[PDB]
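What's in structure18.cif: mmCIF, C-alpha atoms
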```cif
data_run
#
loop_
_atom_site.group_PDB
_atom_site.id
_atom_site.type_symbol
_atom_site.label_atom_id
_atom_site.label_comp_id
_atom_site.auth_asym_id
_atom_site.auth_seq_id
_atom_site.Cartn_x
_atom_site.Cartn_y
_atom_site.Cartn_z
ATOM 1 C CA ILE A 1 2.398 21.986 -29.139
ATOM 2 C CA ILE A 2 4.732 24.462 -30.848
ATOM 3 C CA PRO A 3 4.867 28.058 -29.629
ATOM 4 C CA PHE A 4 5.082 29.800 -32.994
ATOM 5 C CA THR A 5 8.263 31.805 -33.443
ATOM 6 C CA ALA A 6 8.618 35.259 -34.962
ATOM 7 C CA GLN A 7 9.393 33.782 -38.373
ATOM 8 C CA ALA A 8 6.528 31.322 -38.053
ATOM 9 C CA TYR A 9 4.200 34.184 -37.153
ATOM 10 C CA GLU A 10 5.243 36.087 -40.260
ATOM 11 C CA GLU A 11 4.390 33.039 -42.350
ATOM 12 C CA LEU A 12 0.851 32.751 -40.963
ATOM 13 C CA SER A 13 0.267 36.487 -41.276
ATOM 14 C CA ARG A 14 1.414 36.463 -44.903
ATOM 15 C CA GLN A 15 -0.692 33.406 -45.714
ATOM 16 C CA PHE A 16 -3.776 35.318 -44.686
ATOM 17 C CA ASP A 17 -2.544 38.780 -45.663
ATOM 18 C CA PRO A 18 -5.118 39.292 -48.469
ATOM 19 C CA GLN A 19 -7.943 39.177 -45.920
ATOM 20 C CA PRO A 20 -7.330 42.229 -43.732
ATOM 21 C CA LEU A 21 -9.019 40.939 -40.580
ATOM 22 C CA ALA A 22 -7.475 37.487 -40.924
ATOM 23 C CA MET A 23 -3.993 38.937 -41.011
ATOM 24 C CA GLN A 24 -5.012 41.395 -38.294
ATOM 25 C CA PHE A 25 -5.814 38.567 -35.884
ATOM 26 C CA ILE A 26 -2.453 36.895 -36.431
ATOM 27 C CA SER A 27 -0.406 40.109 -36.462
ATOM 28 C CA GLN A 28 -2.106 41.604 -33.399
ATOM 29 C CA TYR A 29 -1.428 38.480 -31.384
ATOM 30 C CA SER A 30 2.165 38.800 -30.219
ATOM 31 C CA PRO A 31 4.893 36.495 -31.546
ATOM 32 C CA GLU A 32 5.336 33.382 -29.381
ATOM 33 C CA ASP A 33 1.626 33.847 -28.803
ATOM 34 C CA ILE A 34 -0.005 31.882 -31.596
ATOM 35 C CA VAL A 35 0.591 28.286 -30.552
ATOM 36 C CA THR A 36 0.539 25.256 -32.878
ATOM 37 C CA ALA A 37 -2.178 22.668 -32.304
ATOM 38 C CA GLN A 38 -0.291 19.529 -33.286
ATOM 39 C CA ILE A 39 -3.004 17.224 -31.972
ATOM 40 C CA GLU A 40 -2.120 13.528 -32.029
ATOM 41 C CA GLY A 41 -4.279 11.370 -34.263
ATOM 42 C CA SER A 42 -2.933 7.886 -33.639
ATOM 43 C CA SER A 43 -5.148 5.642 -31.543
ATOM 44 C CA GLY A 44 -4.271 2.448 -29.737
ATOM 45 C CA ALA A 45 -6.889 3.438 -27.232
ATOM 46 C CA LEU A 46 -9.619 1.125 -28.440
ATOM 47 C CA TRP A 47 -13.090 2.335 -27.640
ATOM 48 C CA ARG A 48 -15.738 1.162 -25.217
ATOM 49 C CA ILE B 1 -0.071 3.175 -26.935
ATOM 50 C CA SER B 2 -1.148 3.084 -30.579
ATOM 51 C CA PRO B 3 0.566 0.089 -32.236
ATOM 52 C CA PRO B 4 2.679 1.986 -34.826
ATOM 53 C CA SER B 5 3.850 4.465 -32.191
ATOM 54 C CA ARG B 6 4.224 1.615 -29.697
ATOM 55 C CA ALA B 7 6.668 0.014 -32.076
ATOM 56 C CA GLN B 8 8.325 3.420 -32.435
ATOM 57 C CA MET B 9 8.486 3.722 -28.655
ATOM 58 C CA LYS B 10 9.974 0.300 -28.748
ATOM 59 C CA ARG B 11 12.506 1.392 -31.266
ATOM 60 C CA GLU B 12 13.489 4.428 -29.219
ATOM 61 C CA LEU B 13 14.310 2.203 -26.254
ATOM 62 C CA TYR B 14 15.713 -0.394 -28.643
ATOM 63 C CA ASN B 15 17.854 1.960 -30.703
ATOM 64 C CA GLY B 16 16.265 5.269 -31.729
ATOM 65 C CA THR B 17 18.531 7.918 -30.238
ATOM 66 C CA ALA B 18 15.974 10.148 -28.499
ATOM 67 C CA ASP B 19 15.100 11.298 -24.984
ATOM 68 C CA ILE B 20 11.639 10.189 -23.920
ATOM 69 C CA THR B 21 9.963 12.822 -21.788
ATOM 70 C CA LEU B 22 9.279 11.042 -18.521
ATOM 71 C CA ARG B 23 7.113 13.738 -16.997
ATOM 72 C CA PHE B 24 6.209 12.443 -13.570
ATOM 73 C CA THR B 25 3.367 14.865 -12.985
ATOM 74 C CA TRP B 26 2.595 15.007 -9.280
ATOM 75 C CA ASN B 27 -0.835 16.651 -9.372
ATOM 76 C CA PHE B 28 -2.197 17.399 -5.904
ATOM 77 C CA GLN B 29 -5.829 18.346 -6.228
ATOM 78 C CA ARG B 30 -7.001 19.621 -2.859
ATOM 79 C CA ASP B 31 -10.289 21.425 -2.371
ATOM 80 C CA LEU B 32 -11.820 24.887 -2.493
ATOM 81 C CA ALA B 33 -14.104 24.583 0.516
ATOM 82 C CA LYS B 34 -11.201 25.189 2.880
ATOM 83 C CA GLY B 35 -9.663 27.583 0.385
ATOM 84 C CA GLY B 36 -7.065 26.690 -2.212
ATOM 85 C CA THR B 37 -7.236 28.757 -5.382
ATOM 86 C CA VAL B 38 -5.309 26.536 -7.759
ATOM 87 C CA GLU B 39 -5.613 23.583 -5.387
ATOM 88 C CA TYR B 40 -4.103 21.215 -7.947
ATOM 89 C CA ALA B 41 -0.396 21.525 -7.183
ATOM 90 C CA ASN B 42 1.412 19.961 -10.122
ATOM 91 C CA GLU B 43 5.003 19.492 -11.238
ATOM 92 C CA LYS B 44 6.146 17.349 -14.130
ATOM 93 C CA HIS B 45 9.312 15.757 -12.786
ATOM 94 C CA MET B 46 10.786 14.915 -16.169
ATOM 95 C CA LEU B 47 13.454 12.289 -16.753
ATOM 96 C CA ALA B 48 14.865 12.609 -20.264
ATOM 97 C CA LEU B 49 15.432 8.967 -21.137
ATOM 98 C CA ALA B 50 19.004 8.710 -22.385
ATOM 99 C CA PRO B 51 18.986 6.661 -25.608
ATOM 100 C CA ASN B 52 19.489 2.989 -24.698
ATOM 101 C CA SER B 53 20.665 3.622 -21.144
ATOM 102 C CA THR B 54 20.466 0.971 -18.445
ATOM 103 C CA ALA B 55 16.895 2.089 -17.826
ATOM 104 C CA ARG B 56 16.059 2.262 -21.527
ATOM 105 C CA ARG B 57 17.661 -1.103 -22.286
ATOM 106 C CA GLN B 58 15.504 -2.581 -19.580
ATOM 107 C CA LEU B 59 12.618 -0.851 -21.312
ATOM 108 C CA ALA B 60 13.819 -2.233 -24.632
ATOM 109 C CA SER B 61 13.443 -5.773 -23.359
ATOM 110 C CA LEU B 62 10.263 -4.802 -21.526
ATOM 111 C CA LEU B 63 8.679 -3.741 -24.789
ATOM 112 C CA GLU B 64 10.316 -6.563 -26.730
ATOM 113 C CA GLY B 65 8.314 -9.303 -25.068
ATOM 114 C CA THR B 66 9.583 -10.074 -21.589
ATOM 115 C CA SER B 67 7.971 -8.625 -18.479
ATOM 116 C CA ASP B 68 10.810 -9.022 -15.998
ATOM 117 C CA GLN B 69 12.822 -5.812 -16.215
ATOM 118 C CA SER B 70 13.200 -3.487 -13.260
ATOM 119 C CA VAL B 71 13.689 -0.120 -14.947
ATOM 120 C CA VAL B 72 16.050 1.942 -12.796
ATOM 121 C CA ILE B 73 14.777 5.510 -12.615
ATOM 122 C CA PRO B 74 17.472 7.457 -10.745
ATOM 123 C CA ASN B 75 15.821 8.706 -7.525
ATOM 124 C CA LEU B 76 12.814 10.410 -9.069
ATOM 125 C CA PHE B 77 9.889 10.056 -6.662
ATOM 126 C CA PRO B 78 9.636 13.190 -4.482
ATOM 127 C CA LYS B 79 9.338 12.006 -0.893
ATOM 128 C CA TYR B 80 8.776 15.492 0.543
ATOM 129 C CA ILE B 81 6.848 18.111 -1.424
ATOM 130 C CA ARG B 82 6.205 21.689 -0.294
ATOM 131 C CA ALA B 83 2.963 22.068 -2.209
ATOM 132 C CA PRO B 84 0.874 25.168 -1.642
ATOM 133 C CA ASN B 85 -2.455 26.480 -2.878
ATOM 134 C CA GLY B 86 -0.788 27.354 -6.164
ATOM 135 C CA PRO B 87 -0.226 25.015 -9.100
ATOM 136 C CA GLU B 88 3.237 23.768 -8.141
ATOM 137 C CA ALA B 89 4.360 20.476 -6.660
ATOM 138 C CA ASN B 90 7.822 21.762 -5.813
ATOM 139 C CA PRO B 91 9.630 19.404 -3.447
ATOM 140 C CA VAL B 92 11.302 20.650 -0.313
ATOM 141 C CA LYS B 93 14.939 21.494 -1.008
ATOM 142 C CA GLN B 94 17.298 20.311 1.794
ATOM 143 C CA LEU B 95 14.633 17.747 2.733
ATOM 144 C CA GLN B 96 15.814 16.265 -0.508
ATOM 145 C CA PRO B 97 19.146 18.054 -1.034
ATOM 146 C CA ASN B 98 19.750 16.873 -4.601
ATOM 147 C CA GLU B 99 15.979 16.910 -5.172
ATOM 148 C CA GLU B 100 16.389 14.853 -8.376
ATOM 149 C CA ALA B 101 18.908 12.531 -6.828
ATOM 150 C CA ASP B 102 17.552 12.694 -3.291
ATOM 151 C CA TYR B 103 13.887 12.119 -4.062
ATOM 152 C CA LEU B 104 13.245 8.389 -3.769
ATOM 153 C CA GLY B 105 14.641 5.645 -5.964
ATOM 154 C CA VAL B 106 11.727 4.606 -8.152
ATOM 155 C CA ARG B 107 11.488 1.532 -10.385
ATOM 156 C CA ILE B 108 9.080 0.522 -13.162
ATOM 157 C CA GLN B 109 7.816 -2.895 -14.230
ATOM 158 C CA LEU B 110 5.610 -3.526 -17.217
ATOM 159 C CA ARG B 111 3.808 -6.787 -16.621
ATOM 160 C CA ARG B 112 2.795 -8.029 -20.040
ATOM 161 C CA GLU B 113 1.499 -11.448 -19.021
ATOM 162 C CA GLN B 114 -0.079 -12.642 -22.284
ATOM 163 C CA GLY B 115 -3.283 -14.419 -21.308
ATOM 164 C CA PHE B 116 -0.371 -9.203 -23.815
ATOM 165 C CA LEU B 117 -2.268 -8.147 -20.686
ATOM 166 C CA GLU B 118 0.156 -5.244 -20.427
ATOM 167 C CA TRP B 119 -0.020 -4.026 -16.855
ATOM 168 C CA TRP B 120 2.305 -1.445 -15.312
ATOM 169 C CA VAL B 121 3.439 -1.644 -11.700
ATOM 170 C CA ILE B 122 5.359 1.281 -10.225
ATOM 171 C CA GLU B 123 7.920 -0.361 -7.996
ATOM 172 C CA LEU B 124 10.658 1.163 -5.909
ATOM 173 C CA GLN B 125 14.381 0.513 -6.091
ATOM 174 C CA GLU B 126 13.783 -0.934 -2.632
ATOM 175 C CA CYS B 127 10.186 -2.128 -3.018
ATOM 176 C CA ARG B 128 8.811 -3.570 0.202
ATOM 177 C CA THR B 129 5.137 -2.790 -0.320
ATOM 178 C CA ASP B 130 5.815 0.111 -2.636
ATOM 179 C CA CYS B 131 5.025 -1.807 -5.790
ATOM 180 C CA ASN B 132 1.397 -1.355 -4.932
ATOM 181 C CA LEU B 133 1.514 1.461 -2.394
ATOM 182 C CA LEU B 134 4.346 3.968 -2.685
ATOM 183 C CA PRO B 135 4.508 6.041 0.511
ATOM 184 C CA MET B 136 5.819 9.540 -0.157
ATOM 185 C CA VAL B 137 4.889 12.780 1.598
ATOM 186 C CA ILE B 138 3.471 16.170 0.680
ATOM 187 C CA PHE B 139 4.420 19.011 2.982
ATOM 188 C CA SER B 140 1.138 20.860 2.565
ATOM 189 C CA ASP B 141 0.591 24.587 2.996
#
```
Would you put the structure from the file into structure tokens?
Amino acid sequence: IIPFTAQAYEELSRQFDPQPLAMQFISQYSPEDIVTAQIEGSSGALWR
Amino acid sequence: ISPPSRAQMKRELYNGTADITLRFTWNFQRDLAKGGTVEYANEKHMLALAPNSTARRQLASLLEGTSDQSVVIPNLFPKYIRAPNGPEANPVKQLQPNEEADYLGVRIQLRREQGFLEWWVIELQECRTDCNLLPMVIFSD
């Protein structure tokens, strides 16, 4: 999990800047707020 | 551990210069009937695994194929923990002065007895019956 930095936050906000409310969400949430969901995908755990 | 990442874990202990996060989370879930807001008192006692250290070289051979390596984890099993009704398994300082070097010498033994049948016994540096029953203490509040 990566706590998004100020620069990272700017990136996300700019990605969704065209849509006002999209950018709003990101921008309103404080920097080091938006966290990165780097969920693991590898298995190993077989299933039962 | 997923096979590609198991081989990567291997590699780390084998060579890969990285520090495996050995978070020894000591979660202490109590109850709420007798009170205890965040009953679960937890603390990840992490041991950054120095790349190919004595412990990690034992782990290299552990994950190579042999199952007879007593991985020396420098005193990292809190034998006295002042846990309260909050979410923290903080050990008592002075009870364990170093409290990272005065916890309790813990050992690890992966028992891959192909028949890999990878088991994992948590031993002690001085395991008497603490390979199956490690006796620490939680100073409860």
Subject >> Answer key for the PyMOL selection byres ((chain B and resi 124) around 8), residues as a PyMOL selection string >> reply: chain B and resi 104-108+122-123+125-128+130-131+134
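What chain A places within 6 Å of chain B, counting only C-alpha atoms, is residues 42, 43 and 44 of chain A.
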Could you state which residues are captured by the PyMOL selection byres ((chain A and resi 29) around 12) in this file, as a PDB file with C-alpha atoms, keeping the file's coordinate frame?
```pdb
ATOM      1  CA  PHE A   4       5.082  29.800 -32.994  1.00  0.00           C
ATOM      2  CA  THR A   5       8.263  31.805 -33.443  1.00  0.00           C
ATOM      3  CA  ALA A   6       8.618  35.259 -34.962  1.00  0.00           C
ATOM      4  CA  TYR A   9       4.200  34.184 -37.153  1.00  0.00           C
ATOM      5  CA  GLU A  10       5.243  36.087 -40.260  1.00  0.00           C
ATOM      6  CA  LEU A  12       0.851  32.751 -40.963  1.00  0.00           C
ATOM      7  CA  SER A  13       0.267  36.487 -41.276  1.00  0.00           C
ATOM      8  CA  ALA A  22      -7.475  37.487 -40.924  1.00  0.00           C
ATOM      9  CA  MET A  23      -3.993  38.937 -41.011  1.00  0.00           C
ATOM     10  CA  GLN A  24      -5.012  41.395 -38.294  1.00  0.00           C
ATOM     11  CA  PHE A  25      -5.814  38.567 -35.884  1.00  0.00           C
ATOM     12  CA  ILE A  26      -2.453  36.895 -36.431  1.00  0.00           C
ATOM     13  CA  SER A  27      -0.406  40.109 -36.462  1.00  0.00           C
ATOM     14  CA  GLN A  28      -2.106  41.604 -33.399  1.00  0.00           C
ATOM     15  CA  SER A  30       2.165  38.800 -30.219  1.00  0.00           C
ATOM     16  CA  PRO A  31       4.893  36.495 -31.546  1.00  0.00           C
ATOM     17  CA  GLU A  32       5.336  33.382 -29.381  1.00  0.00           C
ATOM     18  CA  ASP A  33       1.626  33.847 -28.803  1.00  0.00           C
ATOM     19  CA  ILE A  34      -0.005  31.882 -31.596  1.00  0.00           C
ATOM     20  CA  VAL A  35       0.591  28.286 -30.552  1.00  0.00           C
TER      21      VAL A  35
END
```
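You will find atom CA of residue 47 of chain B at 6.5 Å from atom CA of residue 23 of chain B.
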**OP:** Evaluate the PyMOL selection byres ((chain B and resi 38) around 12) on the structure here and hand back the selected residues as a list in words.
**Re:** residues 27, 28, 29, 30, 31, 32, 35, 36, 37, 39, 40, 41, 42, 83, 84, 85, 86, 87, 88 and 89 of chain B
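Taking atom CA of residue 57 of chain B as the reference point, atom CA of residue 76 of chain B is found at 18.2 Å.
With only C-alpha atoms as the basis for measurement, B:56 is the residue among B:10, B:56, B:45, B:34 that approaches residue 69 of chain B most closely.
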Centre and edges of the segment 20-32 of chain A box, axis-aligned, 4 Å extra per side, as JSON:
```
{"center_x": -1.8, "center_y": 37.8, "center_z": -36.6, "size_x": 22.4, "size_y": 16.8, "size_z": 22.4}
```
Original post:
atom CA of residue 90 of chain B and atom CA of residue 109 of chain B, how far apart in Å?
Top reply: 26.1 Å
**OP:** Name the closest residue to residue 16 of chain B among the candidates B:138, B:92, B:60, B:48; distances are taken between atoms, counting all atoms listed in the file.
**Re:** B:60
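Using only C-alpha atoms for every distance, the candidate list B:59, B:110, B:9, B:95 yields B:95 as the residue closest to residue 78 of chain B.
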Original post:
Counting all atoms listed in the file, what is within 9 Å of residue 37 of chain A, bar same-chain residues fewer than 2 positions away, as an MDAnalysis selection string?
Top reply: chainID A and resid 1:2 35 39
Residue 101 of chain B: which residues within 9 Å, counting all atoms listed in the file, same-chain residues fewer than 5 positions away excluded, as a CSV table (one decimal) with C-alpha atoms, in the coordinates of the input?
```
chain,number,residue,atom,x,y,z
B,74,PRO,CA,17.5,7.5,-10.7
B,75,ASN,CA,15.8,8.7,-7.5
B,76,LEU,CA,12.8,10.4,-9.1
B,96,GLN,CA,15.8,16.3,-0.5
```
